[PDB]
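Colleague: Please read through the structure below; I'll follow up with questions.
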Amino acid sequence: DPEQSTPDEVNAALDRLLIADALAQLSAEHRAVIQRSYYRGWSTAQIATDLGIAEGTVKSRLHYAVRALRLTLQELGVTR
Amino acid sequence: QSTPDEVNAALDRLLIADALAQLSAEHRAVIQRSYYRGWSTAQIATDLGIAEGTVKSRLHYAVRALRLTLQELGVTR
Amino acid sequence: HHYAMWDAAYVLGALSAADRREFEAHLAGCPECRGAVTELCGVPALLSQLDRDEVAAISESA
Amino acid sequence: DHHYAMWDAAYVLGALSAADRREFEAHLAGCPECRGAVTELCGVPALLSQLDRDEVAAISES
Ligand SMILES: [Zn+2]
Ligand SMILES: [Zn+2]
C-alpha cells in the first residue's frame, strides 16, 4: 500500500478501532447476520438455512442490525 | 440440478466482470484501487502521480461509466 | 409494505438477483425506501475497513 | 462549481479519509443534489462485492 501521512495513518487506525468496537457491541444475533451477509458474502436464503429462521426474518433482522450498528457508529463519532 | 438462484447469480457475476472489462484502463485503475485494494483517495493519488482532486472526479466518472454498462447489460435497472 | 425491511440487505449485497431487481423496481416508485437506502449507503464503506478474520475474532471473543 | 459533487463515488466506495468523510457527511446533510447522487450510486458496492480482488487484478493485467 502507498505511504500515507502520519495523521491519515493514525485516523484510519482509530476508525478501525471504533468500527470494531461498534460491532462488538452488537447483540450476537445482529452481529451474526452482518458477519454472514457482508463479511462472508452470503445471500439471505443461505443465511436463513444456517441460522434457522425464515428468509423474511433474515431481511428484517439485517435491517435492525445495520440500523443498530449505525446508532453506535454515530454515538461513537465515526459517522454523522 | 442448478437452482434458479444460483444460475442468476452466476450470470450476474459474468456480466459484472464483463462490465469491468469494458471500462477504460484509467477508470478500471481507480475502481480497482479504491474498492478492491481498499486504498484512500490520497494513496491512489500518490500511486498514480496525479492530484487527489483528480482521483475523486475520475472515480466519479468511472463509477458512473460502470453503471451505464451494467444497466445496458441488464444487471441493474 | 414488506419492502421497507429490504434496505440493509440491498445495500449489503445480500439480495438474490431476483430480489435485487424486485427491490430496484420498487425503489423507482417508493421515496420512503429510497430515503432509507440513502441513510445506509455509508455503511458498507465503514464495514469494509475490517477484514472477515478481524470480525470473526470479535465474535468468538464475546 | 461545487467541488463536493465529485466526492460521491469515493464516498460510497469507502475511499475517503476519516476527515474527508466527515466534511462530506456534513455537506450531505444540506445538499439534496449530493444526496440524490449517493443514492443513485449505492447499489454499486453490492454489485462490486460479487467479485474478488484477485479476479479483478487478473482482468486488469489482461
Ligand atoms: Zn417502499
Ligand atoms: Zn452538494
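Labels for the C-alpha cells follow display order: chains A, B, ..., residues from 1 in each chain, ligands from 1.
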Residues contacting ligand 1 - anything with an atom at most 6 Å away, using only C-alpha atoms and all ligand atoms - can you give me those as a ChimeraX atom specification?
Modeller: /C:3-4,30,32-33
Colleague: What's the 12 Å shell around residue 47 of chain B, counting only C-alpha atoms, without same-chain residues fewer than 6 positions away, as a ChimeraX atom specification?
Modeller: /A:1-4 /B:29-30,33-34,39-41,55
Colleague: For the selection you just gave me, I'd like the residues written to a file as a short mmCIF file (atom, residue, chain, number, x, y, z; two decimals), in the first residue's frame, keeping N, CA, C and O atoms.
Modeller:
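Output contents, as saved in again.cif:
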data_model
loop_
_atom_site.label_atom_id
_atom_site.label_comp_id
_atom_site.auth_asym_id
_atom_site.auth_seq_id
_atom_site.Cartn_x
_atom_site.Cartn_y
_atom_site.Cartn_z
N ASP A 1 0.86 -1.22 0.00
CA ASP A 1 0.00 0.00 0.00
C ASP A 1 0.88 1.24 0.00
O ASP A 1 1.94 1.24 0.61
N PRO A 2 0.46 2.30 -0.69
CA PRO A 2 1.27 3.51 -0.65
C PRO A 2 1.40 4.09 0.76
O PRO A 2 0.55 3.85 1.63
N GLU A 3 2.44 4.87 0.97
CA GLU A 3 2.67 5.56 2.23
C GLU A 3 1.59 6.64 2.47
O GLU A 3 1.21 7.34 1.55
N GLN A 4 1.09 6.75 3.69
CA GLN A 4 0.16 7.85 3.99
C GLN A 4 0.83 8.79 4.96
O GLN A 4 1.78 8.42 5.64
N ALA B 29 -8.54 1.25 -13.24
CA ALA B 29 -7.47 1.50 -12.28
C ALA B 29 -7.99 2.14 -10.97
O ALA B 29 -7.61 1.68 -9.88
N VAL B 30 -8.81 3.20 -11.05
CA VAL B 30 -9.21 3.89 -9.81
C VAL B 30 -10.21 3.03 -9.07
O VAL B 30 -10.21 2.98 -7.85
N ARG B 33 -8.31 0.21 -7.29
CA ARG B 33 -7.53 0.66 -6.17
C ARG B 33 -8.40 1.09 -4.96
O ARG B 33 -8.04 0.81 -3.81
N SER B 34 -9.53 1.75 -5.21
CA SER B 34 -10.39 2.15 -4.10
C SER B 34 -11.17 0.97 -3.56
O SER B 34 -10.99 0.58 -2.42
N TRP B 39 -7.75 1.27 -0.99
CA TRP B 39 -6.91 2.46 -0.82
C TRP B 39 -7.69 3.76 -0.67
O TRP B 39 -8.78 3.93 -1.21
N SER B 40 -7.11 4.69 0.08
CA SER B 40 -7.70 6.02 0.25
C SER B 40 -7.47 6.89 -0.98
O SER B 40 -6.67 6.55 -1.85
N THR B 41 -8.18 8.01 -1.04
CA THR B 41 -8.02 8.96 -2.14
C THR B 41 -6.57 9.41 -2.26
O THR B 41 -6.03 9.51 -3.36
N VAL B 55 -8.28 12.29 -8.63
CA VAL B 55 -8.65 10.94 -8.28
C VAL B 55 -10.13 10.86 -7.98
O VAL B 55 -10.84 9.97 -8.47
#
Colleague: If we count only C-alpha atoms, what is near segment 23-27 of chain C at a cut-off of 9 Å, once residues fewer than 6 positions away on the same chain are taken out, given as an mmCIF file with N, CA and C atoms, in the first residue's frame?
Modeller:
data_model
loop_
_atom_site.group_PDB
_atom_site.id
_atom_site.type_symbol
_atom_site.label_atom_id
_atom_site.label_comp_id
_atom_site.auth_asym_id
_atom_site.auth_seq_id
_atom_site.Cartn_x
_atom_site.Cartn_y
_atom_site.Cartn_z
ATOM 1 N N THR B 76 -28.534 -4.067 -13.576
ATOM 2 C CA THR B 76 -29.220 -3.155 -12.675
ATOM 3 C C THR B 76 -30.134 -2.241 -13.498
ATOM 4 N N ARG B 77 -31.191 -1.718 -12.895
ATOM 5 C CA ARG B 77 -32.248 -1.105 -13.694
ATOM 6 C C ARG B 77 -31.934 0.329 -14.157
ATOM 7 N N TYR C 3 -41.280 -4.336 1.716
ATOM 8 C CA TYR C 3 -40.082 -3.766 1.136
ATOM 9 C C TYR C 3 -39.238 -2.976 2.128
ATOM 10 N N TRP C 6 -36.101 -4.281 3.399
ATOM 11 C CA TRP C 6 -35.097 -4.763 2.443
ATOM 12 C C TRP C 6 -33.886 -3.848 2.288
ATOM 13 N N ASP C 7 -33.985 -2.626 2.798
ATOM 14 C CA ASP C 7 -32.900 -1.663 2.672
ATOM 15 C C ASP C 7 -31.496 -2.172 3.025
ATOM 16 N N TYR C 10 -30.258 -4.981 0.717
ATOM 17 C CA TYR C 10 -29.914 -4.420 -0.565
ATOM 18 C C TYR C 10 -28.532 -3.759 -0.540
ATOM 19 N N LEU C 15 -29.164 -9.452 -1.294
ATOM 20 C CA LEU C 15 -30.351 -9.778 -2.056
ATOM 21 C C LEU C 15 -29.997 -10.677 -3.256
ATOM 22 N N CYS C 33 -38.520 4.114 0.770
ATOM 23 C CA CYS C 33 -37.435 3.157 0.649
ATOM 24 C C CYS C 33 -36.205 3.851 0.080
ATOM 25 N N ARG C 34 -36.417 4.663 -0.924
ATOM 26 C CA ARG C 34 -35.302 5.356 -1.485
ATOM 27 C C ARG C 34 -34.526 6.126 -0.397
ATOM 28 N N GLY D 43 -26.069 1.033 -4.980
ATOM 29 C CA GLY D 43 -26.197 -0.395 -5.226
ATOM 30 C C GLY D 43 -24.855 -0.860 -5.781
#
Colleague: Do you know which residues are at most 12 Å from residue 36 of chain D counting only C-alpha atoms, after dropping those on the same chain fewer than 2 positions away, and could you put them as a PyMOL selection string?
Modeller: (chain C and resi 31+34-35+37-39+41) or (chain D and resi 5+8+28-34+38-42)
Colleague: List every residue of chain B that DSSP, applied to the backbone of this structure, assigns to helix (DSSP H, G or I), and report them as an MDAnalysis selection string.
Modeller: chainID B and resid 4:21 25:36 41:48 52:72
Colleague: Considering only C-alpha atoms, extract the chain C residues located within 9 Å of chain A and return them as JSON, numbers by chain.
Modeller: {"C": [2, 4, 5, 6, 7, 8, 9, 12, 13, 14, 15, 16, 40, 42, 43, 44, 46, 47, 48, 49, 50, 51, 52, 53, 54, 55, 56, 58, 59, 61, 62]}
Colleague: Just write the chosen residues, N, CA, C and O atoms, as a compact mmCIF listing (two decimals), in the first residue's frame.
Modeller:
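What ended up in selection_15.txt:
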# COMPACT_ATOMS: atom_id res chain seq x y z
N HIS C 2 -43.71 -4.82 2.79
CA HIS C 2 -42.59 -5.62 3.29
C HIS C 2 -41.25 -5.06 2.83
O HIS C 2 -40.22 -5.27 3.48
N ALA C 4 -39.87 -2.12 2.93
CA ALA C 4 -39.14 -1.29 3.90
C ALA C 4 -38.05 -2.07 4.66
O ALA C 4 -37.06 -1.50 5.08
N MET C 5 -38.25 -3.37 4.82
CA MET C 5 -37.30 -4.18 5.54
C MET C 5 -36.09 -4.62 4.68
O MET C 5 -35.15 -5.22 5.20
N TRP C 6 -36.10 -4.28 3.40
CA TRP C 6 -35.10 -4.76 2.44
C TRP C 6 -33.89 -3.85 2.29
O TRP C 6 -32.87 -4.25 1.71
N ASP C 7 -33.98 -2.63 2.80
CA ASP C 7 -32.90 -1.66 2.67
C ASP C 7 -31.50 -2.17 3.02
O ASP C 7 -30.54 -1.96 2.27
N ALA C 8 -31.35 -2.84 4.16
CA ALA C 8 -29.99 -3.21 4.58
C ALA C 8 -29.44 -4.32 3.68
O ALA C 8 -28.34 -4.18 3.12
N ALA C 9 -30.19 -5.41 3.56
CA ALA C 9 -29.89 -6.47 2.59
C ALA C 9 -29.47 -5.90 1.25
O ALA C 9 -28.44 -6.26 0.69
N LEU C 12 -26.15 -4.11 1.63
CA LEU C 12 -25.06 -5.01 1.95
C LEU C 12 -24.73 -6.02 0.83
O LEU C 12 -23.83 -6.82 0.99
N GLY C 13 -25.47 -6.01 -0.28
CA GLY C 13 -25.28 -7.01 -1.34
C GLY C 13 -25.86 -8.40 -1.09
O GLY C 13 -25.47 -9.36 -1.76
N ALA C 14 -26.79 -8.55 -0.16
CA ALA C 14 -27.29 -9.89 0.21
C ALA C 14 -28.59 -10.34 -0.50
O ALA C 14 -29.06 -11.47 -0.33
N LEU C 15 -29.16 -9.45 -1.29
CA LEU C 15 -30.35 -9.78 -2.06
C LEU C 15 -30.00 -10.68 -3.26
O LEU C 15 -29.09 -10.36 -4.04
N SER C 16 -30.70 -11.80 -3.38
CA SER C 16 -30.55 -12.68 -4.52
C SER C 16 -30.79 -11.77 -5.70
O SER C 16 -31.31 -10.66 -5.53
N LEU C 40 -28.41 4.53 4.69
CA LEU C 40 -27.49 3.41 4.94
C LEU C 40 -26.30 3.34 3.97
O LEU C 40 -25.41 2.52 4.14
N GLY C 42 -23.67 4.76 3.50
CA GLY C 42 -22.34 4.96 4.02
C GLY C 42 -21.84 3.76 4.80
O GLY C 42 -20.67 3.71 5.18
N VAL C 43 -22.70 2.78 5.05
CA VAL C 43 -22.34 1.70 5.98
C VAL C 43 -21.39 0.61 5.45
O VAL C 43 -20.45 0.22 6.16
N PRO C 44 -21.63 0.13 4.21
CA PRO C 44 -20.67 -0.76 3.58
C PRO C 44 -19.27 -0.15 3.55
O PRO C 44 -18.30 -0.84 3.86
N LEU C 46 -17.97 1.71 5.69
CA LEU C 46 -17.36 1.64 7.00
C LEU C 46 -17.04 0.20 7.32
O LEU C 46 -16.00 -0.09 7.88
N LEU C 47 -17.97 -0.69 7.00
CA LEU C 47 -17.78 -2.12 7.21
C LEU C 47 -16.52 -2.63 6.51
O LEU C 47 -15.84 -3.54 6.99
N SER C 48 -16.22 -2.06 5.35
CA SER C 48 -15.08 -2.53 4.57
C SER C 48 -13.74 -2.19 5.21
O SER C 48 -12.72 -2.67 4.73
N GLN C 49 -13.71 -1.43 6.29
CA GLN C 49 -12.42 -1.17 6.93
C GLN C 49 -11.86 -2.35 7.71
O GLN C 49 -10.69 -2.34 8.05
N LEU C 50 -12.69 -3.35 7.99
CA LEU C 50 -12.24 -4.56 8.69
C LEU C 50 -12.27 -5.76 7.74
O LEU C 50 -13.07 -5.78 6.82
N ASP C 51 -11.40 -6.74 7.99
CA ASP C 51 -11.38 -8.00 7.22
C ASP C 51 -12.23 -9.02 7.94
O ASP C 51 -12.46 -8.89 9.15
N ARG C 52 -12.70 -10.06 7.24
CA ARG C 52 -13.58 -11.05 7.89
C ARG C 52 -12.95 -11.75 9.08
O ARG C 52 -13.63 -12.16 10.02
N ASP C 53 -11.63 -11.88 9.06
CA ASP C 53 -10.94 -12.51 10.17
C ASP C 53 -11.05 -11.66 11.43
O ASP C 53 -11.37 -12.18 12.50
N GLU C 54 -10.80 -10.36 11.30
CA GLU C 54 -10.90 -9.48 12.45
C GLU C 54 -12.30 -9.67 13.02
O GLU C 54 -12.49 -9.92 14.21
N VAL C 55 -13.29 -9.64 12.13
CA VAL C 55 -14.67 -9.76 12.56
C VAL C 55 -14.95 -11.09 13.26
O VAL C 55 -15.63 -11.12 14.29
N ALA C 56 -14.44 -12.18 12.70
CA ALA C 56 -14.65 -13.50 13.32
C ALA C 56 -14.07 -13.53 14.74
O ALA C 56 -14.67 -14.10 15.64
N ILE C 58 -13.89 -11.02 16.76
CA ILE C 58 -14.80 -10.28 17.63
C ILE C 58 -15.92 -11.19 18.12
O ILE C 58 -16.32 -11.12 19.28
N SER C 59 -16.42 -12.05 17.23
CA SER C 59 -17.47 -12.99 17.61
C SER C 59 -17.00 -14.05 18.61
O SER C 59 -17.55 -14.17 19.72
N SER C 61 -14.88 -14.05 20.53
CA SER C 61 -14.41 -13.41 21.75
C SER C 61 -15.48 -12.73 22.64
O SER C 61 -15.13 -12.11 23.65
N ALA C 62 -16.76 -12.84 22.28
CA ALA C 62 -17.83 -12.17 23.06
C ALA C 62 -18.07 -12.81 24.42
O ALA C 62 -18.82 -13.79 24.52
Colleague: For chain B, which residues have at least one atom within 10 Å of chain D, if we go by only C-alpha atoms? Write them as a PyMOL selection string, please.
Modeller: chain B and resi 9-10+12-14+16-18+20-21+25+28-44+53-64+66-67+70+75-76
Colleague: One decimal, in Å: what's the spacing between atom CA of residue 57 of chain C and atom CA of residue 51 of chain A?
Modeller: 19.0 Å
Colleague: Could you jot down the atom CA of residue 5 of chain A to atom CA of residue 45 of chain B separation for me, Å, one decimal place?
Modeller: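 Here the two named atoms are 12.5 Å from each other.
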Colleague: Which residue, C:11, C:22, C:36, C:17, has the smallest gap to chain D when you use only C-alpha atoms?
Modeller: C:11
Colleague: Distance atom CA of residue 25 of chain D-atom CA of residue 18 of chain A, one decimal place?
Modeller: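 Rounded to one decimal, the two atoms are 17.7 Å apart.
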Colleague: Using only C-alpha atoms and all ligand atoms for the distances, tell me which of D:22, D:1, D:46, D:58 is nearest to ligand 2.
Modeller: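 Distance minimum relative to ligand 2 lands on D:1.
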